[PDB]
């Protein structure tokens, strides 16, 4: 089993922060990060990758922790692929 890791839309997290997260935690360049951000905003969410269970778990925890440390509500989730 592999797991999707997803970012979900919200009304407060700034664009530049979503881009930052996509680069830091998912290794996307600016253009692709920005595309994924567009999907977050207009599809309501974007799948950012597929990973092993333990890697997905760790990524979800770390992205959410990073977001809250900067007082943003950005929500990262996992689900079975």
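Residue numbers count along the first chain shown, from 1.
- When the CA B factors of the chain's modelled residues are split into thirds, the value for residue 39 lands in the highest one.
- Split the chain's modelled residues into thirds by C-alpha temperature factor. Residue 66 is in the middle one.
- Sort the chain's modelled residues by C-alpha temperature factor and residue 50 lands in the middle third, per the entry.
- For residue 58, the recorded CA temperature factor ranks within the highest third of the chain's modelled residues.
- The entry lists a Cα temperature factor for residue 81 that places it in the highest third of the chain's modelled residues.
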